[PDB]
Amino acid sequence: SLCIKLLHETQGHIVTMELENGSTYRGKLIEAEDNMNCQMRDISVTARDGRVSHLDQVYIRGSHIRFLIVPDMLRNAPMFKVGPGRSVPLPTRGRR
Amino acid sequence: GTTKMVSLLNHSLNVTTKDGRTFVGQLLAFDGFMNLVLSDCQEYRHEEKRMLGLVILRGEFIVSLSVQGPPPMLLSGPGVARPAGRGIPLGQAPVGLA
Amino acid sequence: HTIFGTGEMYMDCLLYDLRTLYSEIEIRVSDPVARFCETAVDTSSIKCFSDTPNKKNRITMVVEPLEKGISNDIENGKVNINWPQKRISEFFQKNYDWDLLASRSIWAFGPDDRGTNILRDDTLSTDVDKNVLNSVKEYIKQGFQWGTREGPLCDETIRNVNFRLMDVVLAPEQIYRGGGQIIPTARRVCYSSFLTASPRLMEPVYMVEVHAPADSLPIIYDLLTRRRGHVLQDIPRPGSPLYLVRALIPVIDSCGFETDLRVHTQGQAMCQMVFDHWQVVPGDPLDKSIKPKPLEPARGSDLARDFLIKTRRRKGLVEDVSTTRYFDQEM
Amino acid sequence: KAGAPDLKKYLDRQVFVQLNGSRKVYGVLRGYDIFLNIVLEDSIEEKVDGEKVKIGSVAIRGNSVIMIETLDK
Amino acid sequence: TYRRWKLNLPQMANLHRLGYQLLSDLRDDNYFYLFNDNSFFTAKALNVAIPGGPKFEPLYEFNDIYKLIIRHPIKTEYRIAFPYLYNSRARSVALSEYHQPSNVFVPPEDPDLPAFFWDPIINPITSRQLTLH
RNA sequence: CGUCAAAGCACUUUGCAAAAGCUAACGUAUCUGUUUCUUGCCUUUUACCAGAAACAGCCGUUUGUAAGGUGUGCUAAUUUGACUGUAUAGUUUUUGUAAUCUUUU
């Protein structure tokens with residue numbers, strides 16, 4: 001599915017997100033998942049209060065994520081057709 | 001199924017979420033979990049606004065969907081002309097008779 | 001207009017472009033030959049003597065051949081001029097067992113800081129007049145790195161030649177010691193020590209790696225041997241039914257060696273040539289009793305003399321090379 | 001499904017977990033799960049007061065987990 | 001109409017096996033080296049002639065013996081390989097395919113042993129020459 | 001295999017159009033002629049020898065499209081396309097940690 005591949009493509013860039021917790025996190029993204037796990041660095045948190053903090057490394061659970069906010073160049077990225085028997089989108093030379 | 005959902009693709013949408021917040025923008029990509037991707041997004045928390053950009057929502061977070069606006073955006077046949085003329089027929093009467 | 005390039009296939013594709021892409025013109029291409037180089041075999045019997053045009057300075061230096069273990073190290077980049085003198089002297093002392101004062105006294109490497117030639121000090125009066133010699137550092141190098149880029153025999157590069165500054169007579173002022181009065185005489189010292197030391201040509205050989213079936217082998221050997229070939233190794237290579245046949249060949253005698261393999265072994269047997277080595281020509285290039293005939297080829301030591309006359313003939317130099325007396329000073 | 005998460009780089013290192021109900025824990029990461037159930041040893045609470053109680057070996061549930069941090073680089 | 005045909009594997013097998021006495025046995029192409037339609041064109045253009053092949057009508061100071069170095073005559077085979085190099089004033093010429101991979105398929109003579117059986121022509125595979133990390 | 005859309009379907013006869021778009025077998029085949037030049041063997045020109053360049057014919061090939069023919073179905077069969085095509089109540093989305101109250105501006 002495409003909504004997951006877009007995420008994997010923003011690895012490296014800086015990302016903003018929102019959790020069920022209520023707080024938003026901002027930082028460089030290192031790894032993601034099909035679950036919607038994340039692995040980030042140099043995070044700058046900002047809760048409901050406005051309280052800023054620093055977190056060196058973080059892992060997440062996707063279940064806990066509400067929504068992400070992604071860089072602007074990631075709208076020209078390709079959105080593929082996928083297929084019935086494939087996990088990752090990718091381009092497809094073969095039959096279909 | 002998901003036949004209806006492809007029809008919505010590339011329309012400006014109004015998406016209400018479980019939090020109450022409402023996101024707005026075009027729809028680029030769609031999922032089996034209802035993960036939506038949205039372009040040039042704007043929340044309306046309520047007399048309020050914010051600019052985000054590209055937003056990827058989960059399925060858990062989404063409540064309802066609603067279209068705001070519509071989707072954004074044999075050379076030459078044989079025939080030849082001529083000028084005038086309008087010949088007079090000597091005979092009258094129909095074509096087949098005589 | 002002599003032009004260079006790695007080998008047959010390379011040359012073909014130049015002379016294709018210039019003939020049909022760049023210029024749209026006909027040509028008369030010559031039969032291809034190798035680029036030669038030149039070295040010293042032994043030490044010089046007579047020590048050198050030289051005078052400046054002003055006769056205020058006298059330079060003399062000895063030429064000796066390097067060991068083959070050393071020459072390769074320089075061209076690889078194991079030793080530089082840019083390193084400290086103490087690190088460089090540790091190299092020679094521990095590998096080739098040089099003296100302690102001899103090891104520190106290295107001036108600069110050969111033609112354009114790579115070619116295997118070395119300058120060195122061999123005297124005591126330099127310790128007495130040290131600051132006097134330090135005004136004559138670059139005046140030697142600019143007639144040495146320029147003067148050994150080209151050579152005596154064919155106007156070509158030089159390999160494995162050491163230099164040993166013995167006597168240095170000097171004058172009061174540094175106006176008597178000028179650029180125009182030292183450089184063109186400092187260079188003449190190298191050419192004089194060559195002729196006394198008995199020099200010889202060296203030519204490039206390249207590693208021919210043949211592949212083949214077992215039955216074709218005998219033809220490869222019989223072909224190689226006629227063009228001076230030393231098989232370094234012959235094995236049935238693993239995982240595939242082919243025999244490797246590594247080899248060496250003197251570039252002059254590999255003109256179309258590839259096409260004769262493929263013909264005679266009927267489409268079996270491929271071969272490549274990768275630049276390697278430098279092998280000395282058997283005979284002596286300065287021997288008056290040799291001259292044979294311009295039509296037929298050479299065989300043994302008589303071949304070395306043959307290349308020299310012919311190479312100089314093409315350049316437009318004096319053919320005999322009898323004008324050794326010009327560069328040998330006077331005695 | 002069941003993408004076994006990338007927690008190999010956290011094994012046998014200290015952590016600063018956060019869980020549901022704003023409760024958080026320190027511990028050495030021993031083992032992990034498909035569903036992100038965790039095994040922590042030398043477990044110390046961080047109470048809302050700040051009073052730190054030593055517990056020992058503990059198995060935190062996957063569902064609960066909000067996040068997982070590293071104290072030292 | 002009888003255009004287009006599709007044949008089973010076993011059928012094509014028999015046809016092959018019946019026709020065997022006619023059709024060839026090269027598979028490589030390397031075999032041809034100086035016997036390609038290209039080579040023969042250059043021969044024609046250079047007016048030289050190669051041994052087994054055809055021979056046509058012709059189509060169409062600096063030298064100095066004392067400047068040359070006579071070392072191995074240079075044959076006609078050499079001109080028809082690298083015509084731009086070894087030969088001057090080369091026009092109307094065609095350049096040929098320099099080498100192909102080489103096929104390493106020997107067909108099974110004795111058809112009892114299986115499809116995948118280490119053949120005795122391949123060299124053992126021993127590796128005692130090597131020095132690793 | 002599954003869905004949706006289009007269409008009769010397979011086989012065949014003619015007509016009419018095309019067939020280097022980024023160096024490549026419309027044809028893993030291959031023949032005759034004209035003109036202009038060069039050489040052969042020659043004196044009757046034709047008929048020819050064997051090279052070149054420039055044009056032509058002929059024997060064939062493919063595709064699209066139009067109308068037909070035979071056999072079968074138009075209460076069916078076949079072809080052709082298109083597609084974000086799978087089924088999960090027990091931890092990372094669709095069988096809920098929800099429900100409810102109160103204070104501040």
# chains A, B, ... in the order shown; residues from 1 in each chain; ligands from 1
$ residues_around --residues "range 44-49 of chain B" --least-positions-apart "5" --cutoff "10 Å" --atoms "only C-alpha atoms (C1' of nucleotides)" --output "VMD selection string"
chain B and resid 16 19 to 24
$ write_last_selection --atoms "N, CA, C and O atoms" --output "CSV table (one decimal), in the first residue's frame"
chain,number,residue,atom,x,y,z
B,16,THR,N,-13.2,14.7,9.0
B,16,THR,CA,-13.4,14.8,10.4
B,16,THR,C,-12.7,13.6,11.1
B,16,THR,O,-12.7,12.5,10.6
B,19,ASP,N,-10.6,13.1,17.2
B,19,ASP,CA,-10.3,14.2,18.1
B,19,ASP,C,-11.3,15.4,17.9
B,19,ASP,O,-11.4,16.2,18.8
B,20,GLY,N,-11.9,15.5,16.7
B,20,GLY,CA,-12.8,16.6,16.4
B,20,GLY,C,-12.3,17.5,15.4
B,20,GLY,O,-13.0,18.1,14.6
B,21,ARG,N,-10.9,17.6,15.3
B,21,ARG,CA,-10.2,18.4,14.3
B,21,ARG,C,-10.7,18.0,12.9
B,21,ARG,O,-11.1,16.8,12.7
B,22,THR,N,-10.6,18.9,11.9
B,22,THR,CA,-11.0,18.6,10.6
B,22,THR,C,-9.9,19.0,9.6
B,22,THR,O,-9.6,20.2,9.4
B,23,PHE,N,-9.3,18.0,8.8
B,23,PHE,CA,-8.3,18.3,7.8
B,23,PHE,C,-8.9,18.5,6.5
B,23,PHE,O,-10.0,18.0,6.2
B,24,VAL,N,-8.2,19.3,5.6
B,24,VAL,CA,-8.7,19.6,4.3
B,24,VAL,C,-7.6,19.7,3.3
B,24,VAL,O,-6.5,20.2,3.5
$ residues_around --residues "residue 2 in chain F" --least-positions-apart "2" --cutoff "12 Å" --atoms "only C-alpha atoms (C1' of nucleotides)" --output "PDB file with N, CA, C and O atoms (P, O5', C5', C4', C3', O3' and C1' of nucleotides), in the first residue's frame"
ATOM      1  N   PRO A  84      -1.956  -7.878  -6.959  1.00  0.00           N
ATOM      2  CA  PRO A  84      -2.664  -8.738  -6.012  1.00  0.00           C
ATOM      3  C   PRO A  84      -1.717  -9.516  -5.101  1.00  0.00           C
ATOM      4  O   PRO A  84      -1.974  -9.641  -3.900  1.00  0.00           O
TER       5      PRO A  84
ATOM      6  P     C F   4     -18.769  -8.589 -11.422  1.00  0.00           P
ATOM      7  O5'   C F   4     -18.496  -7.406 -12.454  1.00  0.00           O
ATOM      8  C5'   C F   4     -18.739  -6.037 -12.079  1.00  0.00           C
ATOM      9  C4'   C F   4     -17.765  -5.108 -12.766  1.00  0.00           C
ATOM     10  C3'   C F   4     -18.056  -4.796 -14.225  1.00  0.00           C
ATOM     11  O3'   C F   4     -19.074  -3.805 -14.343  1.00  0.00           O
ATOM     12  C1'   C F   4     -15.733  -5.214 -13.927  1.00  0.00           C
ATOM     13  P     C F  83      -5.249  -0.742 -15.471  1.00  0.00           P
ATOM     14  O5'   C F  83      -5.981  -1.202 -14.133  1.00  0.00           O
ATOM     15  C5'   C F  83      -7.055  -0.411 -13.591  1.00  0.00           C
ATOM     16  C4'   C F  83      -7.751  -1.144 -12.473  1.00  0.00           C
ATOM     17  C3'   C F  83      -6.847  -1.667 -11.375  1.00  0.00           C
ATOM     18  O3'   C F  83      -6.473  -0.589 -10.524  1.00  0.00           O
ATOM     19  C1'   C F  83      -8.459  -3.309 -11.949  1.00  0.00           C
ATOM     20  P     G F  85      -7.841  -3.618  -5.897  1.00  0.00           P
ATOM     21  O5'   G F  85      -9.198  -4.425  -6.111  1.00  0.00           O
ATOM     22  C5'   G F  85      -9.196  -5.744  -6.704  1.00  0.00           C
ATOM     23  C4'   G F  85      -9.324  -6.827  -5.654  1.00  0.00           C
ATOM     24  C3'   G F  85      -8.241  -6.884  -4.585  1.00  0.00           C
ATOM     25  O3'   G F  85      -8.679  -7.644  -3.460  1.00  0.00           O
ATOM     26  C1'   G F  85      -7.969  -8.709  -6.041  1.00  0.00           C
ATOM     27  P     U F  86      -9.460  -6.946  -2.241  1.00  0.00           P
ATOM     28  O5'   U F  86      -9.479  -8.085  -1.125  1.00  0.00           O
ATOM     29  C5'   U F  86      -8.696  -9.288  -1.279  1.00  0.00           C
ATOM     30  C4'   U F  86      -8.919 -10.227  -0.115  1.00  0.00           C
ATOM     31  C3'   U F  86      -7.684 -10.561   0.721  1.00  0.00           C
ATOM     32  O3'   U F  86      -7.975 -10.824   2.092  1.00  0.00           O
ATOM     33  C1'   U F  86      -8.465 -12.518  -0.352  1.00  0.00           C
TER      34        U F  86
END
$ interface_residues --of "chain D" --to "chain F" --cutoff "10 Å" --atoms "only C-alpha atoms (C1' of nucleotides)" --output "short mmCIF file (atom, residue, chain, number, x, y, z; two decimals) with N, CA and C atoms, in the first residue's frame"
data_model
loop_
_atom_site.label_atom_id
_atom_site.label_comp_id
_atom_site.auth_asym_id
_atom_site.auth_seq_id
_atom_site.Cartn_x
_atom_site.Cartn_y
_atom_site.Cartn_z
N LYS D 1 2.44 -9.53 7.69
CA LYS D 1 2.14 -9.32 9.13
C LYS D 1 3.33 -9.70 9.99
N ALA D 2 3.23 -9.43 11.28
CA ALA D 2 4.19 -9.92 12.27
C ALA D 2 5.63 -9.50 11.97
N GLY D 3 5.80 -8.28 11.47
CA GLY D 3 7.13 -7.74 11.20
C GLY D 3 7.91 -7.63 12.50
N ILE D 34 7.13 -10.17 18.59
CA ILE D 34 6.38 -9.74 17.41
C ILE D 34 5.47 -8.55 17.74
N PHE D 35 4.68 -8.70 18.80
CA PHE D 35 3.74 -7.66 19.24
C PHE D 35 4.38 -6.60 20.14
N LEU D 36 5.70 -6.66 20.29
CA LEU D 36 6.48 -5.67 21.03
C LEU D 36 6.35 -5.81 22.55
N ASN D 37 5.96 -6.99 23.03
CA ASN D 37 6.12 -7.34 24.44
C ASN D 37 7.60 -7.34 24.79
N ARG D 61 3.87 -5.33 28.71
CA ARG D 61 3.02 -5.73 27.59
C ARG D 61 3.25 -4.85 26.37
N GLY D 62 2.96 -5.40 25.19
CA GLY D 62 3.20 -4.71 23.93
C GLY D 62 2.23 -3.57 23.69
N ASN D 63 0.94 -3.88 23.80
CA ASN D 63 -0.13 -2.90 23.61
C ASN D 63 0.18 -1.59 24.32
N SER D 64 0.47 -1.69 25.61
CA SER D 64 0.70 -0.53 26.44
C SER D 64 1.72 0.43 25.85
#
$ closest_atom_pairs --of "range 245-322 of chain C" --to "range 140-160 of chain C" --cutoff "10 Å" --atoms "only C-alpha atoms" --output "tab-separated table"
residue	atom	partner	partner_atom	distance
C:278	CA	C:159	CA	9.6
C:285	CA	C:153	CA	8.8
C:286	CA	C:153	CA	9.4
C:307	CA	C:154	CA	9.8
C:308	CA	C:154	CA	7.0
C:309	CA	C:154	CA	9.0
C:310	CA	C:154	CA	9.8
C:311	CA	C:154	CA	6.6
C:312	CA	C:154	CA	5.8
C:313	CA	C:154	CA	9.6
C:314	CA	C:154	CA	9.9
C:315	CA	C:154	CA	8.1
C:317	CA	C:154	CA	8.4
C:321	CA	C:153	CA	7.6
$ residues_around --residues "residue 22 in chain A" --least-positions-apart "5" --cutoff "10 Å" --atoms "only C-alpha atoms (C1' of nucleotides)" --output "PyMOL selection string"
(chain A and resi 46-49+65-66) or (chain B and resi 19)
$ atom_distance --atom1 "CA of residue 194 in chain C" --atom2 "CA of residue 318 in chain C"
17.8 Å
$ closest_residue --among "F:82, F:11, F:54, F:20" --to "chain E" --atoms "only C-alpha atoms (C1' of nucleotides)"
F:11
$ residues_around --residues "range 46-62 of chain E" --least-positions-apart "3" --cutoff "12 Å" --atoms "only C-alpha atoms (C1' of nucleotides)" --output "MDAnalysis selection string"
(chainID C and resid 1 27:31 263 314) or (chainID E and resid 32 34:37 39:43 65:68 75:84 86:94) or (chainID F and resid 38:40 49:53)
$ residues_around --residues "range 60-64 of chain B" --least-positions-apart "4" --cutoff "9 Å" --atoms "only C-alpha atoms (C1' of nucleotides)" --output "ChimeraX atom specification"
/A:63,65-67 /B:14-20,33-36 /F:93-94
$ residues_around --residues "range 104-107 of chain C" --least-positions-apart "5" --cutoff "9 Å" --atoms "only C-alpha atoms (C1' of nucleotides)" --output "PyMOL selection string"
chain C and resi 81+85-86+88-90+99+118-122+137+141
$ select_by_dssp --residues "range 110-153 of chain C" --states "alpha helix (DSSP H)" --output "list in words"
residues 125, 126, 127, 128, 130, 131, 132, 133, 138, 139, 140 and 141 of chain C
$ write_last_selection --atoms "C-alpha atoms" --output "PDB file, in the first residue's frame"
ATOM      1  CA  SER C 125      83.638  19.348   2.191  1.00  0.00           C
ATOM      2  CA  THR C 126      79.827  19.765   2.044  1.00  0.00           C
ATOM      3  CA  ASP C 127      79.824  19.707   5.878  1.00  0.00           C
ATOM      4  CA  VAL C 128      82.453  22.481   5.920  1.00  0.00           C
ATOM      5  CA  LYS C 130      77.102  23.576   3.980  1.00  0.00           C
ATOM      6  CA  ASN C 131      75.367  26.958   3.603  1.00  0.00           C
ATOM      7  CA  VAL C 132      77.394  27.473   0.404  1.00  0.00           C
ATOM      8  CA  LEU C 133      75.914  24.278  -1.102  1.00  0.00           C
ATOM      9  CA  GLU C 138      67.412  24.029  -6.985  1.00  0.00           C
ATOM     10  CA  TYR C 139      70.032  24.771  -9.671  1.00  0.00           C
ATOM     11  CA  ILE C 140      70.939  21.048  -9.683  1.00  0.00           C
ATOM     12  CA  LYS C 141      67.324  19.778  -9.576  1.00  0.00           C
TER      13      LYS C 141
END
$ atom_distance --atom1 "CA of residue 7 in chain A" --atom2 "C1' of residue 97 in chain F"
28.8 Å
$ residues_around --residues "residue 9 in chain A" --least-positions-apart "2" --cutoff "12 Å" --atoms "only C-alpha atoms (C1' of nucleotides)" --output "list in words"
residues 2, 3, 4, 5, 6, 7, 11, 12, 13, 14, 15, 29, 30, 31, 32, 33, 70, 71, 73, 74, 75, 76, 77, 78 and 79 of chain A
$ atom_distance --atom1 "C1' of residue 71 in chain F" --atom2 "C1' of residue 13 in chain F"
15.6 Å
$ interface_residues --of "chain C" --to "chain E" --cutoff "8 Å" --atoms "only C-alpha atoms" --output "compact mmCIF listing (two decimals) with N, CA, C and O atoms, in the first residue's frame"
# COMPACT_ATOMS: atom_id res chain seq x y z
N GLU C 8 46.67 -2.29 -29.34
CA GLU C 8 46.05 -2.42 -30.67
C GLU C 8 44.64 -1.86 -30.71
O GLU C 8 44.35 -0.95 -31.49
N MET C 9 43.78 -2.41 -29.86
CA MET C 9 42.36 -2.08 -29.89
C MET C 9 42.14 -0.59 -29.61
O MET C 9 41.29 0.05 -30.22
N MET C 11 44.31 1.90 -30.22
CA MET C 11 44.75 2.66 -31.39
C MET C 11 43.77 2.60 -32.53
O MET C 11 43.63 3.57 -33.27
N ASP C 12 43.10 1.47 -32.68
CA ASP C 12 42.13 1.32 -33.75
C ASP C 12 41.04 2.37 -33.62
O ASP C 12 40.67 3.00 -34.61
N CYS C 13 40.55 2.57 -32.41
CA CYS C 13 39.38 3.40 -32.19
C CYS C 13 39.67 4.91 -32.18
O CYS C 13 38.77 5.71 -32.40
N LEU C 15 42.16 6.16 -34.35
CA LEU C 15 42.36 6.34 -35.77
C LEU C 15 41.06 6.10 -36.53
O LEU C 15 41.03 6.23 -37.75
N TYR C 16 40.01 5.72 -35.81
CA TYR C 16 38.65 5.70 -36.35
C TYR C 16 37.95 7.03 -36.16
O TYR C 16 37.30 7.54 -37.07
N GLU C 26 41.75 11.59 -45.06
CA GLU C 26 42.55 10.39 -45.21
C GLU C 26 43.90 10.53 -44.50
O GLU C 26 44.35 11.63 -44.21
N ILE C 27 44.53 9.39 -44.22
CA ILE C 27 45.76 9.33 -43.44
C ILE C 27 46.72 8.29 -44.02
O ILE C 27 46.32 7.43 -44.80
N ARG C 28 48.00 8.41 -43.66
CA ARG C 28 48.98 7.36 -43.91
C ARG C 28 49.56 6.89 -42.59
O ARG C 28 50.60 7.38 -42.15
N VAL C 29 48.89 5.95 -41.95
CA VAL C 29 49.36 5.46 -40.67
C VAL C 29 50.59 4.58 -40.85
O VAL C 29 50.72 3.87 -41.85
N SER C 30 51.50 4.67 -39.88
CA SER C 30 52.73 3.89 -39.87
C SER C 30 52.55 2.58 -39.14
O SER C 30 51.57 2.39 -38.40
N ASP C 31 53.51 1.68 -39.31
CA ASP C 31 53.51 0.43 -38.58
C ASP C 31 53.87 0.73 -37.13
O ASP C 31 54.85 1.43 -36.87
N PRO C 32 53.07 0.22 -36.18
CA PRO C 32 53.27 0.59 -34.79
C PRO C 32 54.54 0.04 -34.14
O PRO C 32 55.01 -1.04 -34.50
N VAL C 33 55.08 0.81 -33.19
CA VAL C 33 56.27 0.45 -32.41
C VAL C 33 56.07 0.81 -30.95
O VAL C 33 55.11 1.49 -30.59
N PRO C 236 45.01 -25.93 -15.51
CA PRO C 236 43.57 -26.04 -15.73
C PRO C 236 42.85 -25.28 -14.61
O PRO C 236 42.91 -25.70 -13.45
N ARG C 237 42.19 -24.18 -14.96
CA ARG C 237 41.53 -23.36 -13.95
C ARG C 237 40.29 -24.06 -13.42
O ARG C 237 39.65 -24.82 -14.13
N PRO C 238 39.95 -23.82 -12.15
CA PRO C 238 38.87 -24.56 -11.52
C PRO C 238 37.48 -24.19 -12.05
O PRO C 238 37.31 -23.15 -12.70
N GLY C 239 36.51 -25.07 -11.79
CA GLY C 239 35.10 -24.82 -12.07
C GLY C 239 34.69 -24.63 -13.53
O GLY C 239 33.53 -24.30 -13.80
N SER C 240 35.62 -24.84 -14.45
CA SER C 240 35.38 -24.61 -15.88
C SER C 240 36.53 -25.23 -16.66
O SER C 240 37.69 -25.07 -16.29
N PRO C 241 36.22 -25.92 -17.77
CA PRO C 241 37.23 -26.73 -18.45
C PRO C 241 38.16 -25.93 -19.36
O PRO C 241 38.19 -26.14 -20.57
N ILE C 252 57.04 -4.84 -28.74
CA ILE C 252 57.37 -4.75 -30.15
C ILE C 252 56.96 -6.03 -30.88
O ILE C 252 56.58 -5.98 -32.05
N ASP C 253 57.02 -7.16 -30.18
CA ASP C 253 56.69 -8.45 -30.77
C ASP C 253 55.31 -8.98 -30.35
O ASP C 253 55.11 -10.19 -30.25
N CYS C 255 52.61 -7.22 -31.94
CA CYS C 255 51.81 -6.58 -32.98
C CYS C 255 51.01 -7.66 -33.70
O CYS C 255 51.51 -8.32 -34.61
N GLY C 256 49.77 -7.84 -33.27
CA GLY C 256 48.86 -8.81 -33.88
C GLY C 256 49.01 -10.23 -33.38
O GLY C 256 48.56 -11.17 -34.04
N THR C 259 45.44 -11.76 -33.03
CA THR C 259 44.73 -12.27 -34.20
C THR C 259 45.28 -13.60 -34.67
O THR C 259 44.55 -14.37 -35.29
N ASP C 260 46.54 -13.89 -34.39
CA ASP C 260 47.09 -15.18 -34.76
C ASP C 260 46.67 -16.29 -33.81
O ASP C 260 46.56 -17.44 -34.23
N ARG C 262 43.62 -16.52 -32.48
CA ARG C 262 42.20 -16.79 -32.77
C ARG C 262 42.03 -17.52 -34.09
O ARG C 262 41.13 -18.35 -34.25
N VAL C 263 42.90 -17.20 -35.04
CA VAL C 263 42.93 -17.90 -36.31
C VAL C 263 43.35 -19.34 -36.06
O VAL C 263 42.56 -20.26 -36.29
N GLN C 266 41.13 -21.76 -34.18
CA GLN C 266 39.74 -21.80 -34.66
C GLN C 266 38.71 -21.36 -33.63
O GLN C 266 37.91 -22.17 -33.14
N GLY C 267 38.75 -20.08 -33.29
CA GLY C 267 37.70 -19.47 -32.48
C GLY C 267 37.76 -19.80 -31.01
O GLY C 267 36.96 -19.29 -30.22
N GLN C 268 38.69 -20.65 -30.61
CA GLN C 268 38.91 -20.91 -29.21
C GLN C 268 40.05 -19.98 -28.83
O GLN C 268 40.65 -19.37 -29.71
N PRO C 294 69.12 -3.51 -43.08
CA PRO C 294 67.84 -2.85 -42.80
C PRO C 294 66.56 -3.63 -43.15
O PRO C 294 65.46 -3.18 -42.79
N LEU C 295 66.68 -4.77 -43.83
CA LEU C 295 65.51 -5.50 -44.32
C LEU C 295 65.07 -6.59 -43.35
O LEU C 295 63.90 -6.63 -42.94
N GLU C 296 65.99 -7.48 -43.00
CA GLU C 296 65.68 -8.61 -42.12
C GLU C 296 65.75 -8.21 -40.65
O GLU C 296 66.43 -7.24 -40.30
N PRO C 297 65.06 -8.96 -39.77
CA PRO C 297 65.09 -8.69 -38.33
C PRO C 297 66.39 -9.13 -37.64
O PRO C 297 67.29 -9.66 -38.29
N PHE C 307 67.67 -1.41 -32.68
CA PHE C 307 66.61 -0.50 -32.25
C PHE C 307 67.10 0.95 -32.15
O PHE C 307 66.40 1.87 -32.58
N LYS C 310 67.65 2.86 -35.47
CA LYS C 310 66.34 3.03 -36.09
C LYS C 310 65.51 4.08 -35.35
O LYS C 310 64.85 4.90 -35.98
N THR C 311 65.55 4.05 -34.01
CA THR C 311 64.78 5.00 -33.21
C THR C 311 65.27 6.43 -33.47
O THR C 311 64.46 7.33 -33.69
N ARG C 313 66.98 7.47 -36.09
CA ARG C 313 66.67 7.75 -37.50
C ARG C 313 65.31 8.44 -37.65
O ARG C 313 65.18 9.40 -38.41
N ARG C 314 64.32 7.93 -36.93
CA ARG C 314 62.95 8.44 -36.98
C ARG C 314 62.82 9.82 -36.34
O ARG C 314 62.06 10.66 -36.83
$ select_by_dssp --residues "range 44-262 of chain C" --states "strand (DSSP E)" --output "PyMOL selection string"
chain C and resi 58-62+106-109+117-120+158-159+161-162+164-169+199-212+233-237+242-250
